[PDB]
Structures are given as structure tokens and as C-alpha cells.
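A.B. asks: Please find one structure pasted underneath; my questions will follow.
Chains as they are written, first to last, in the deposited numbering: chain B, 2 to 212; chain A, 1 to 140, 147 to 229; chain D, 813 to 824.
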């Protein structure tokens, strides 16, 4: 059973945030909503479609209509910044959490990411290894998608990416690695790291013949 | 008051079975279920299964059937999950949670309740203790440079720059666990381009579990 | 084979 949520939602302080959750069984099965902050267990914020737990502020509300459950946070506050998950089941008792939504309560203007792509160092090549390092920095909000290409071909194998971490300047940074063998590195014309942030894609490319 | 206390973190080799305990105190309502939910780094919550602790009826998610057992030991007030044939992708934080409804004698109605354990990190890796390799990330307004801290186990590693004298513009990333079962991280610093080649930049890497200390000088490239 | 809690928590 699959429950679909938008990956990220932005809301100005004091404005209303809406987070949707799409599931085929919601007309028959209750939706629950959970809030999760970094390093903490999730916390219930809505149970049984629209019921507010005793300790949850009155600005939290929710509803369910058709195949869509909606969590509404009126007058959003900085403390409401978190990941939000819906939760329900289907008519065959398959429980599921939704794909999750990162709610950013905007604290500054949008900042476009700066992308730096490092080729494998000669030291690592000497150790019979090769790692491309894609550094992504100074972006806000802290939601990005990273894709790797070799010779204009999408590369899924050997990729690891960190979740955006807050910089000291209050923007976000992230890192992505493409791990290859020295033979793989030399046997392709180019490699690209593609960073998408707020609907705009930034790309950096390196070539083994360059250095 | 009710309490949920999980067992501590554990490293498990691939192919073995992980057992996680959850002491559930104070749950006397007949309609109480103890569920298990896992979450890999940066990934969504994943419902694994639950047990009705009044009649021991279990419900396992389809993806875990044949590998997962959830048990309730009434005499010890202990819930367990056992996940067998562990793979690298099973590395995650595993949560227990108590859900259900109470007969609220105060108001005369019912109250849904929802409580969570602190979580248990299960790390699936065949690796032994291994110090990292430190490789320079050389630069060619401002310039970014750093050090790649590759293939170590277990966590953590600390990184400083120029023995702590350089702090501005520094960012050390969280580690990633690779398919090899080893961790890797990076630390970067943004510096003025005019300083490259004159100011020396050295990253100081400490991995206590392997008693490893590495100072790596990061030099600019001419190419 | 099926717990009542399934209906108690989800049946609308």
C-alpha cells in the first residue's frame, strides 16, 4: 500500500501550510499524521482523520476527502519545521506510512546552490580507487535532488548522498559521491553531477583528460 | 506512567539475525498493539508489523514476511522483533511504538494513545575496525577545498583544519555507510583564492577506534 | 487471524 506526499513544502511564518496524502483506501480507512524532527522519534499530531491530540496546538488541523488526506497548519511557526508523515491502511490490512514531506518554515530568501565537483585525486587512484565528490553548498531551503551522469547516461550504481546539513551561515550543504574503479574513471569521456533545487537544475562536469 | 525502552545499538554481520527488545511498562488496556517501524538514513518511516498484546495476533508487512517475527512476553513486559537474513539495506533505526485506545473513565469516552521508543540503530556490516584513508580534494573570488575521509569502521571520525586554527567556512559532512560496509565522509572549507599556494591548509583526521591520526596537506592544482 | 485493533483504529 502506497501513500503519496509532496517531497517538500515551504510556508512563510504566520501563513497556512497544507500537506496532502493520496491513498486509494482513504475513503474507508482513517489517516494519521506524524511530525518528526531531526534525531527524534515521530510524534502524533492528528489521529483518525481530524482529531487533535491533547498536547498539539490548535493551529494543527486535518481532514480527509476522497483519496486525499490534508494536514493543515494555520499560522505556521518556526517550531513547526519538520518532516511530516501520513499513516493509514488498505482494505487488506496493509499498513503504510506516506512518502513524507519536509516542511520548511521560510527563514530567509531562496538561495541557489553552489556546486563543486572534485575528480578522483591522484592519491586515491594510486590506492586503486576513484571517488568523484560533488559538493553542494549555500542553498535554501534545504531540499535538493542529486543525479549523476557518465557520458550522458544516468548512473545509479555507486552513488551515495548525504541529507542536507545546516551550515554555520544558516544555509544548507550536501555532499554526493560516485565511487568507481580507476579503469571505469578513465574509460568514460565525462561525468556530471546534476543538482536540482526549487525547480532549477545546476550541473558540473569533469573529464579524466582535463587533469 | 507508560514507558517504552529499547535495547542499545548493535552491529550485525550480513546473513545473521537481529533481535531488538522493547520494554513496554504500564499498558493495561485490552486494545493495545505494539508495532515496529524502521527508518534508514534520510528515508521515510517504514511500518514493519505489529502484535496485539492481548491475544498475540500479529500482522507483518508483505515486504518482511518470512524474515520478521514480533513477539510479546507478558511475564517480562517485553516486546521483541527478530529480523533474519540481514542485508546491507536493513541498516536503519528500528522503533517500537504502542498504539490503541483507552477507556477514559474521566470523560466517559475513549482516548487514542500513541507512544514511541527511543529507537535502536541496527548496523549491518561485515567490516572489522578499520582506519580511514584521507585523500585531498584540491582546488584549482573564493575556492573550495577539502579532504575525503574514506572507508573506515566504525563511527565516528573527527576533523579539524590547521589544528583548529581554521574554523570559518568549514563544513564537515555526516558520514554515509557504503555498500562495502564502510563509512566515508568529507570535510570542506571555503577560502579566499588569493590565499591558495601561500596559506597552508591541513585537515586533521582522528579515528579513535583504530587509533588513527592523519594530517593531510591539501595543495592547489595548477591544471 | 485478524485483530480487532485493525478495525478499531482505521475503520471509518
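Virtual Cβ for every residue (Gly too), placed ideally from N, Cα, C.
(1) Any residues in the stretch 73-91 of chain B with a beta carbon nearer than 9 Å to a beta carbon of chain D? Which ones, in chain order?
(2) Of all the options B/127, B/116 and B/140, which has the alpha carbon lying nearest to the alpha carbon of residue 134 of chain B?
(3) Would you mind stating whether residue 44 of chain B and residue 81 of chain B have Cβ atoms separated by less than 7 Å?
(4) Under a three-way DSSP split, which group does residue 136 of chain A fall into?
(5) Identify whether residue 183 of chain B lies in helix, strand or coil by the three-state DSSP scheme.
(6) If we ignore side chains and look at the alpha-carbon of each, how far apart do residue 88 of chain A and residue 62 of chain B end up?
(7) Starting from the beta carbon of residue 824 of chain D, find every residue of chain B whose beta carbon is closer than 9 Å, and list them in chain order.
(8) On a CA-only basis, which of A/224, A/110 and A/185 is nearest residue 13 of chain A? Give me that one, please.
(9) Verify the CB distance criterion: does residue 195 of chain A have a CB-CB separation below 7 Å to chain B?
(10) Comparing alpha-carbon positions, which option in A/180, A/157 and A/28 lies nearest residue 1 of chain A?
(11) Here's a check: name, in chain order, each residue in its chain whose Cβ is nearer than 6 Å to the Cβ of residue 161 of chain B, leaving out the five neighbours to either side.
(12) Residue 138 of chain A to residue 101 of chain A, Cα distance in whole Å?
(13) For residue 141 of chain B, which beta-bridge partners are listed by DSSP?
(14) Beta strand (DSSP E) containing residue 201 of chain B: first to last residue?
(15) Grab me the residues of residue 76 of chain B's own chain with a C-beta within less than 8 Å of its C-beta, minus the 5 sequence neighbours each way, in chain order.
(16) Which residues, taken in chain order from the stretch 119-139 of chain A, show a beta carbon closer than 9 Å to some beta carbon of chain B?
(17) Who are residue 151 of chain B's beta bridge partners in DSSP?
(18) Starting from the beta carbon of residue 100 of chain A, find every residue of chain D whose beta carbon is closer than 8 Å, and list them in chain order.
(19) Residue 47 of chain A and residue 98 of chain B look like a contact to me (Cβ under 8 Å); what is the Cβ gap, rounded to whole Å?
(20) In this structure, does DSSP put residue 168 of chain A in helix, strand or coil?
(21) Can you pull the chain B residues whose beta carbon is under 9 Å from the beta carbon of residue 229 of chain A, in chain order?
(22) Considering only their Cβ atoms, is the gap separating residue 205 of chain B from residue 144 of chain B smaller than 7 Å?
C.D. replies: For this structure:
(1) 89 and 90
(2) B/116
(3) no
(4) strand
(5) helix
(6) 39 Å
(7) 27, 28, 29, 30, 31, 49, 50 and 65
(8) A/185
(9) no
(10) A/28
(11) 178
(12) 59 Å
(13) B/112
(14) 201-207
(15) 15, 16, 17 and 60
(16) 119, 133, 134, 135, 136, 137, 138 and 139
(17) B/154 and B/192
(18) 817, 820 and 821
(19) 6 Å
(20) helix
(21) 211 and 212
(22) no
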